[PDB]
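S.K.: These protein sequence lines map, in sequence, to chains A and D.
Counted the way PDB author numbering counts, the first sequence spans residues 5 to 315, 329 to 478.
Counted the way PDB author numbering counts, the second sequence spans residues 5 to 315, 329 to 478.
2 protein chains.
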Amino acid sequence: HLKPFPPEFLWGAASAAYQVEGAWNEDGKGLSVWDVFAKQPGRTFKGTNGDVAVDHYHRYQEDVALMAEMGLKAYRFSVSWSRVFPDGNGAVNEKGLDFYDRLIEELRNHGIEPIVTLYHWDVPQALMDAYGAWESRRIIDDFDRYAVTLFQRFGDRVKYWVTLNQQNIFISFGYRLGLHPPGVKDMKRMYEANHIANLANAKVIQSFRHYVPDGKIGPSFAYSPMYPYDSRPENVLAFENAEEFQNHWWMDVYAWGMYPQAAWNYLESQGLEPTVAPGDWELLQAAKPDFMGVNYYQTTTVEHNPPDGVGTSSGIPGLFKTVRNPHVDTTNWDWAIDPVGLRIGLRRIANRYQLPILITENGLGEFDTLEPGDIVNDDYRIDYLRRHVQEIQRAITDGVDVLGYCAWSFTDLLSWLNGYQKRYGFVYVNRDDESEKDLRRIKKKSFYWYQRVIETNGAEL
Amino acid sequence: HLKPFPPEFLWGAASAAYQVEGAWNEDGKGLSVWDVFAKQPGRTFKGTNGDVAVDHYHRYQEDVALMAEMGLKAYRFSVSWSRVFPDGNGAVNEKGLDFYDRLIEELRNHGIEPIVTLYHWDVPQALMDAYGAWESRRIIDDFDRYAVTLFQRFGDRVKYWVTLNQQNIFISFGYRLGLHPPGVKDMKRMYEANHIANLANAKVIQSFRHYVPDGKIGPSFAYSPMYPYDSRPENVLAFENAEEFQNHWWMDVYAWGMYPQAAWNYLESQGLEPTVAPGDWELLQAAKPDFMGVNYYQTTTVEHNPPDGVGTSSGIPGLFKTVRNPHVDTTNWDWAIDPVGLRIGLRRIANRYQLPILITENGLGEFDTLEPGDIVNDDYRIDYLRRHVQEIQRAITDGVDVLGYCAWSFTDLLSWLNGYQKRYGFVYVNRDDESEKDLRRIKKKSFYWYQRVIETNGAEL
Ligand SMILES: O=P(O)(O)OC[C@H]1O[C@@H](O[C@H]2[C@H](O)[C@@H](O)[C@H](O)O[C@@H]2CO)[C@H](O)[C@@H](O)[C@@H]1O
Ligand SMILES: O=P(O)(O)OC[C@H]1O[C@@H](O)[C@H](O)[C@@H](O)[C@@H]1O
Numbered sequence: 005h006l007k008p009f010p011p012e013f014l015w016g017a018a019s020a021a022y023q024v025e026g027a028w029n030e031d032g033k034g035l036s037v038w039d040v041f042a043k044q045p046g047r048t049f050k051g052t053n054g055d056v057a058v059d060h061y062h063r064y065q066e067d068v069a070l071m072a073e074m075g076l077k078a079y080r081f082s083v084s085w086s087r088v089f090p091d092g093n094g095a096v097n098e099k100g101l102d103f104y105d106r107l108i109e110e111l112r113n114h115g116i117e118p119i120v121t122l123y124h125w126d127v128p129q130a131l132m133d134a135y136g137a138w139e140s141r142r143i144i145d146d147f148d149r150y151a152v153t154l155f156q157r158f159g160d161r162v163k164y165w166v167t168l169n170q171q172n173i174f175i176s177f178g179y180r181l182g183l184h185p186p187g188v189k190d191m192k193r194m195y196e197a198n199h200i201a202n203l204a205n206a207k208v209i210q211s212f213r214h215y216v217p218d219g220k221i222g223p224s225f226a227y228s229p230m231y232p233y234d235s236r237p238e239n240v241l242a243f244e245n246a247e248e249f250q251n252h253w254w255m256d257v258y259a260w261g262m263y264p265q266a267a268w269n270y271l272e273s274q275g276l277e278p279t280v281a282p283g284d285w286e287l288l289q290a291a292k293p294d295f296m297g298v299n300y301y302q303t304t305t306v307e308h309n310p311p312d313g314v315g329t330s331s332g333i334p335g336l337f338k339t340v341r342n343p344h345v346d347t348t349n350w351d352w353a354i355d356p357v358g359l360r361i362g363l364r365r366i367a368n369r370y371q372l373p374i375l376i377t378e379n380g381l382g383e384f385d386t387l388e389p390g391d392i393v394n395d396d397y398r399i400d401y402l403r404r405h406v407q408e409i410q411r412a413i414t415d416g417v418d419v420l421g422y423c424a425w426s427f428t429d430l431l432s433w434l435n436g437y438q439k440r441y442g443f444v445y446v447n448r449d450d451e452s453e454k455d456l457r458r459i460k461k462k463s464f465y466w467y468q469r470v471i472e473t474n475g476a477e478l
Numbered sequence: 005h006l007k008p009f010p011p012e013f014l015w016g017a018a019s020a021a022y023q024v025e026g027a028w029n030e031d032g033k034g035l036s037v038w039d040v041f042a043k044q045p046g047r048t049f050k051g052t053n054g055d056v057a058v059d060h061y062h063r064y065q066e067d068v069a070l071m072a073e074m075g076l077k078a079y080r081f082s083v084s085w086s087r088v089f090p091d092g093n094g095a096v097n098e099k100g101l102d103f104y105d106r107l108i109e110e111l112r113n114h115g116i117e118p119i120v121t122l123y124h125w126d127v128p129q130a131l132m133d134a135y136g137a138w139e140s141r142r143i144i145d146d147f148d149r150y151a152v153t154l155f156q157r158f159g160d161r162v163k164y165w166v167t168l169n170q171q172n173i174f175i176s177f178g179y180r181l182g183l184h185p186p187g188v189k190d191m192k193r194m195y196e197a198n199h200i201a202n203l204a205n206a207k208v209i210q211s212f213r214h215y216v217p218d219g220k221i222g223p224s225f226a227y228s229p230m231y232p233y234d235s236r237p238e239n240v241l242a243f244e245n246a247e248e249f250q251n252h253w254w255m256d257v258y259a260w261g262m263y264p265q266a267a268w269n270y271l272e273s274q275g276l277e278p279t280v281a282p283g284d285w286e287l288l289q290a291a292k293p294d295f296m297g298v299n300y301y302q303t304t305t306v307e308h309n310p311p312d313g314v315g329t330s331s332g333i334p335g336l337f338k339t340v341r342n343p344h345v346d347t348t349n350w351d352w353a354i355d356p357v358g359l360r361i362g363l364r365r366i367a368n369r370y371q372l373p374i375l376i377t378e379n380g381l382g383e384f385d386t387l388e389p390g391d392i393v394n395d396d397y398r399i400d401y402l403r404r405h406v407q408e409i410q411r412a413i414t415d416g417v418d419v420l421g422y423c424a425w426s427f428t429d430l431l432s433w434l435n436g437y438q439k440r441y442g443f444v445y446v447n448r449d450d451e452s453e454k455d456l457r458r459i460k461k462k463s464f465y466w467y468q469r470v471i472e473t474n475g476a477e478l
């Protein structure tokens, strides 16, 4: 017998500021590190950038009306720090706050719960210029001041808050892979930045207990649960290594305030462990969240990787390497499609940390065709979303406390580096990589599917 | 490059009182449940029982002299409750205590650390007759009074203590499988007895913090780490269920004072969850151990098990079933041999609980041939031990705090149900299932191997 979705289950959809808003230099907004990075020649596909994106800044009333048509219970968005503090620190921009106040009012006039994301990768460029943003302890207090501003303005009306969204991605892409700002490839720097981000998350949760005492807050982690390839002992050991180094390295700090030891000793053997200050442990341990946010797309299977092995497959010599999983389907971009992996991840979080879970992001990106009569038949997206939602209900039945599900994304949006054509939305936006066209919003088949899921609280999938 | 073993590493060997002592009715000893059970005809191979065993109660001086020849750093043994309280509660038997005092002094006179194990399966029969032993809450205070007696007598001289040894074995074999006393096959009763044993363990740990404030204590768990068969999502899910149900069910209680929730909810759905009294959680949560004891022989591989499936393979329908692992070796008794599995289990306990580990038992059971000139060439036992010790060194290199390693067993001993021929000792005892012969002690080749391990602190294996 499956348990129903609970009565206040947050059936949601989500976006990120840079990906949807546009209005990059309007109303006193300052430059973000992504405004500057995306304009560097060659960094983004076809030079696409967030100057306009899908123009949600100007079109938010129409987008919220579509959310109310769907009957969304929640909408998760991020606040652009550069709209609120153009220089990161210094003077507050009231026009920037007023946008978010208007959005929040629009949502709440339509019965939709705002879920505010403090940070989605868009630190103001002035903090990078002054002190290298996330590589300086200065950002702890600067981020805290920005979060407290939002808690004071909006805490009366927003219950659910996410802090750092996918820290593991903005830190590893920014400092290890060099794919995101600041374009660094230096693992020592990455781990230092990562440690400062940890401190900044904990500081803001501490502040939130003061200013929003009836609210709920947590970080959101980009979680790819690890699988061993098989029951070969060395492959299971590779999975122990991978799960700790890729996943526990973040989530243990969020839940328990401590880094896992094996991974710490591995980094210390490489001279990569972060610099720890007095007070750091006590801060990290005293900032327990209300939930773990999870951004989920796929699992990762791993196998043994010898000390001269792989650094197709990626890994850490002597720790693990990735291997294709022969037992799941793949998307056209070679991501696994693994809905049972979402149940697995959910079970692992409850079993390890006993935390409730907000699923902050899950979705399917695909080329969608706009057919005559403004029809998009994205049954491939319905099938993927269906399967995941089915597995969530199984995890709830097992005993996981799932607070809600935010499908990625509400409208189509700009990808960070790959332009617009791999689409994620319930709502098609008429534009492409060459121009904004008319930016018209067109409901996809999946829109109506999810409207029906919500209406029936997930009895009709 | 491997780290060395730590300088104070406890190279050990172990036994259990029923399996070694004999002297079943001497010096006021009362009946244990095993004295009674093993005399039931047909229960044990060739009617073998503990009346004499290997006669360690009379031959302890010789045995300890051999330990000192080997250079053992630690000797782990169990105390027979029925020697100390013949009726379980009631009057203390000084002559019982005196045997352990004489053993302890022998150890100490030869520079060997005693590791006292409170409980190895031998509750006095009188408690079983009085109130059903582990099925009654009365045993919590009776066990505590027994423990406290030992702490008071020996706490000055014994630093390391183990509480319940292999609770998961005595409880499951006694109440689910009906292989051990009290010969019951009832899961409801099993979980209730298990709950009471958890409270007993936590009560004694609290007591220890008063009586032996500079000591180290913990329970010892019979740990078979689970592996998924492959990377099929449903097999990984089966692993999740199996690790939780078979392993976390005990070790989360020991470390955290909490049962895991998915398994709890499954048992509650079946009417199997234990009865919880006011005060039980607070007690379980306030009795943190210094270390996790681990008895290790093999890993277990699992796969998906349909709701109309297995309850050869064993399992829980809808949760998991066991499967032979084609990737590990086997003894001549078809026990799997999986040394890497020890490293995995070690890694998992440090990763989950951040506890130091005492390996309380690990060894190879095999027929040994006694050659003329009192020669026993057991290179098979050397190979098995060596491989496991090598994996412990890798675990220590990874960052696991391993306190020591107690090889199973110091002398050959009586098995619970299978007599004497599958031998585990470094020291052969000349007796068999039909005859006590002369009970003479013969050093095996493995004796000398281990001697050399200890002399070099594990650098020469
Ligand atoms: O002689 P046997 O029957 O090989 O017994 C060996 C030792 O077994 C240890 O416990 C085992 C138990 O025998 C298994 O059936 C069970 O599944 O595993 C546990 C794992 O610890 C006992 O610890 C010991 O007292 C026996 O000598
Ligand atoms: O378009 P891509 O490159 O598949 O990116 C999809 C998504 O990737 C996720 O990691 C990010 O959360 C989003 O912010 C983004 O839309």
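From the three backbone atoms N, C-alpha and C, an ideal C-beta is built for every residue, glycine too.
Which of helix, strand or coil does DSSP assign to A:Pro118?
M.R.: Mapped onto the first sequence, residue 118 of chain A falls at position 114. Here A:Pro118 sits in strand by DSSP.
S.K.: Check A:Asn172 in the structure and name its three-state DSSP category.
M.R.: One-based indexing of the first sequence puts residue 172 of chain A at position 168. Reduced to three states, the DSSP call for A:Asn172 is helix.
S.K.: I need the DSSP call for A:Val56, collapsed to helix, strand or coil.
M.R.: By 1-based counting over the first sequence, the position of residue 56 of chain A is 52. Residue state, collapsed to three classes: coil.
S.K.: A:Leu154: which of A:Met194, A:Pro185, A:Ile108 sits nearest, CA to CA?
M.R.: Mapped onto the first sequence, residue 154 of chain A falls at position 150. Closest option to A:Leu154, Cα to Cα, is A:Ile108.
S.K.: Residues of chain A with a CB under 8 Å from the CB of D:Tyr233: which are they?
M.R.: As a first step, residue 233 of chain D is located in the second sequence; it is residue number 229 there, counting from the start. Within chain A, the residues near D:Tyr233 are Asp234, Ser235.
S.K.: D:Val257 and D:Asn202 look like a contact to me (Cβ under 8 Å); what is the Cβ gap, rounded to whole Å?
M.R.: Counting from 1 along the second sequence, the entry for residue 257 of chain D is found at position 253. Counting from 1 along the second sequence, the entry for residue 202 of chain D is found at position 198. Yes, they are in contact, since the Cβ atoms of D:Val257 and D:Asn202 sit about 5 Å apart, within 8 Å.
S.K.: Check distances from the C-beta atoms of the segment 358 to 369 of chain A to those of chain D and list, in chain order, the residues that come in under 9 Å.
M.R.: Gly358, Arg360, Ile361, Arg364, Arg365, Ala367, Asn368, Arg369
S.K.: Might you give, ordered along the chain, the residues of its own chain that have their beta carbon closer than 6 Å to the beta carbon of D:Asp449, omitting 5 neighbours on each side?
M.R.: Numbered from 1 along the second sequence, position 432 holds the residue referred to as residue 449 of chain D. Contacts found: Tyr437.
S.K.: Where do the N-terminal and C-terminal ends of the alpha helix (DSSP H) with A:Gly362 fall, by residue?
M.R.: For the purposes of this step, residue 362 of chain A is taken as residue 345 along the first sequence, with counting starting at 1. Unbroken alpha helix (DSSP H) run through A:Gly362: 356 to 370.
S.K.: Using three-state DSSP, classify A:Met296 as helix, strand or coil.
M.R.: The count along the first sequence starts at 1 and reaches residue 296 of chain A at position 292. Three-state DSSP puts A:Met296 in a strand.
S.K.: Under 7 Å: does the beta carbon of D:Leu363 sit that close to some heavy atom of ligand 1?
M.R.: Within the second sequence, numbered from 1, the residue matching residue 363 of chain D stands at position 346. Outside the cutoff, so no.
S.K.: For A:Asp355, go through chain D and note every residue whose CB falls closer than 7 Å to its CB, in chain order.
M.R.: In the first sequence, residue 355 of chain A corresponds to position 338, counting from 1. By Cβ distance, chain D contributes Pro237.
S.K.: Quick check on A:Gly332 - is its C-beta less than 8 Å from some C-beta in chain D?
M.R.: Here residue 332 of chain A corresponds to residue number 315 of the first sequence, with the count starting at 1. No, A:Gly332 lies away from the interface with chain D (no Cβ there is under 8 Å from its Cβ).
S.K.: Kindly examine ligand 2 and report whether one of its heavy atoms sits closer than 7 Å to the Cβ of A:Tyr441.
M.R.: In the first sequence, counting from the first residue as 1, residue 441 of chain A sits at position 424. Inclusion of A:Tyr441 in the 7 Å shell around ligand 2 follows from its C-beta lying nearer than that to a non-hydrogen atom of the ligand.
S.K.: Can you list, in chain order, the residues of the segment 414 to 441 of chain A whose Cβ is nearer than 7 Å to any Cβ on chain D?
M.R.: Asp415, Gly416
S.K.: In chain order, which continuous runs of the beta strand (DSSP E) of length 3 or greater are located wholly inside the segment 226 to 302 of chain A?
M.R.: For the beta strand (DSSP E) assignment, the uninterrupted runs of no fewer than 3 residues enclosed by the segment 226 to 302 of chain A are, from N- to C-terminal side, 230 to 232, 296 to 299.
S.K.: Starting from the beta carbon of D:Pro310, find every residue of chain A whose beta carbon is closer than 7 Å, and list them in chain order.
M.R.: Along the second sequence, one-based indexing puts residue 310 of chain D at 306. In chain order: nothing, as chain A lies at least about 15 Å away.
S.K.: Name, going along the chain, the residues of the segment 285 to 301 of chain D whose beta-carbon falls closer than 8 Å to a beta-carbon of chain A.
M.R.: none
S.K.: At a cut of 8 Å, does the segment 231 to 242 of chain A reach the segment 283 to 296 of chain A through at least three beta carbon pairs?
M.R.: no
S.K.: Would you check if the distance between the CB atom of D:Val162 and the CB atom of D:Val37 is smaller than 8 Å?
M.R.: For the purposes of this step, residue 162 of chain D is taken as the residue at position 158 of the second sequence. For the purposes of this step, residue 37 of chain D is taken as the residue at position 33 of the second sequence. Contact flag unset, no.
S.K.: Check whether chain A comes within 8 Å of D:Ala266, counting only Cβ atoms and requiring the distance to be less than that.
M.R.: Numbered from its first residue, the second sequence carries residue 266 of chain D at position 262. Interface annotation, D:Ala266: in contact with chain A, CB-CB separation under 8 Å.
S.K.: Can you give me the C-alpha to C-alpha distance between D:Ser330 and D:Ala246, rounded to a whole angstrom?
M.R.: Along the second sequence, one-based indexing puts residue 330 of chain D at 313. Along the second sequence, one-based indexing puts residue 246 of chain D at 242. Distance between the alpha carbons of D:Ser330 and D:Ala246: 13 Å.
S.K.: Could you tell me if the beta carbon of A:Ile409 falls within a distance shorter than 7 Å of some heavy atom in ligand 1?
M.R.: Residue numbering aside, residue 409 of chain A sits at position 392 when the first sequence is read from its first letter. Outside the cutoff, so no.
S.K.: Please report whether the beta-carbon of D:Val257 lies at a distance below 8 Å from any beta-carbon of chain A.
M.R.: Stepping through the second sequence from its first residue, residue 257 of chain D is reached at position 253. D:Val257 does not count as touching chain A.
S.K.: Starting from A:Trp15 and walking both ways along the beta strand (DSSP E), at which residues does that stretch end?
M.R.: Position 11 of the first sequence holds residue 15 of chain A. Unbroken beta strand (DSSP E) run through A:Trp15: 14 to 18.
S.K.: I'd like to confirm something about D:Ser432: is its beta-carbon nearer than 7 Å to some heavy atom of ligand 1, or not?
M.R.: One-based indexing of the second sequence puts residue 432 of chain D at position 415. Checking the Cβ of D:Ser432 against ligand 1 gives yes.
S.K.: Within the segment 390 to 432 of chain A, note down every full alpha helix (DSSP H) run reaching 4 residues or more, in order along the chain.
M.R.: 396 to 415
S.K.: Mind checking which residues open and close the beta strand (DSSP E) that includes A:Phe337?
M.R.: Here residue 337 of chain A is taken as the residue at index 320 of the first sequence, counted from 1. Note, A:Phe337: beta strand (DSSP E), 337 to 340.
S.K.: Compute the Euclidean distance between the alpha carbons of D:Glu286 and D:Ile144, then round it to the nearest angstrom.
M.R.: In the second sequence, counting from the first residue as 1, residue 286 of chain D sits at position 282. In the second sequence, counting from the first residue as 1, residue 144 of chain D sits at position 140. Their backbone Cα atoms lie some 15 Å apart in a straight line.
S.K.: For a minimum of 3 consecutive residues, which ranges assigned as the beta strand (DSSP E) are wholly contained in the segment 94 to 145 of chain D?
M.R.: 117 to 123
S.K.: Using the three-state DSSP reduction, which class does D:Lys460 fall into: helix, strand or coil?
M.R.: Here residue 460 of chain D is taken as the residue at index 443 of the second sequence, counted from 1. Three-state DSSP puts D:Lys460 in a strand.
S.K.: From D:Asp312, D:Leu76, D:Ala130, D:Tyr64, pick the residue whose C-alpha is nearest to that of D:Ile116; which is it?
M.R.: For this step, residue 116 of chain D is matched to residue 112 along the second sequence. Comparing C-alpha distances from D:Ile116 to each of D:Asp312, D:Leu76, D:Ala130, D:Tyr64 shows the shortest one belongs to D:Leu76.
S.K.: My understanding is that D:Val345 touches A:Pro237, with C-beta atoms under 8 Å, so please give their C-beta distance in whole angstroms.
M.R.: For the purposes of this step, residue 345 of chain D is taken as the residue at position 328 of the second sequence. For the purposes of this step, residue 237 of chain A is taken as the residue at position 233 of the first sequence. That belief holds up - the Cβ atoms of D:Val345 and A:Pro237 are roughly 7 Å apart, short of 8 Å.
S.K.: Examine chain A for any beta-carbon lying closer than 8 Å to the beta-carbon of D:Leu241, and answer yes or no.
M.R.: Numbered from its first residue, the second sequence carries residue 241 of chain D at position 237. Yes, D:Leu241 lies at the interface with chain A (some Cβ there is under 8 Å from its Cβ).
S.K.: Over what stretch of residues does the alpha helix (DSSP H) that includes A:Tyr215 continue unbroken?
M.R.: By one-based count along the first sequence, residue 215 of chain A stands at place 211. Element bounds for A:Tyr215: 191 to 215.
S.K.: Measuring alpha carbon to alpha carbon, tell me which residue in A:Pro185, A:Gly416, A:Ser452, A:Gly475 is nearest D:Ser273.
M.R.: Position 269 of the second sequence, counted from the first residue, corresponds to residue 273 of chain D. That would be A:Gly416, whose Cα lies nearest to the Cα of D:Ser273.
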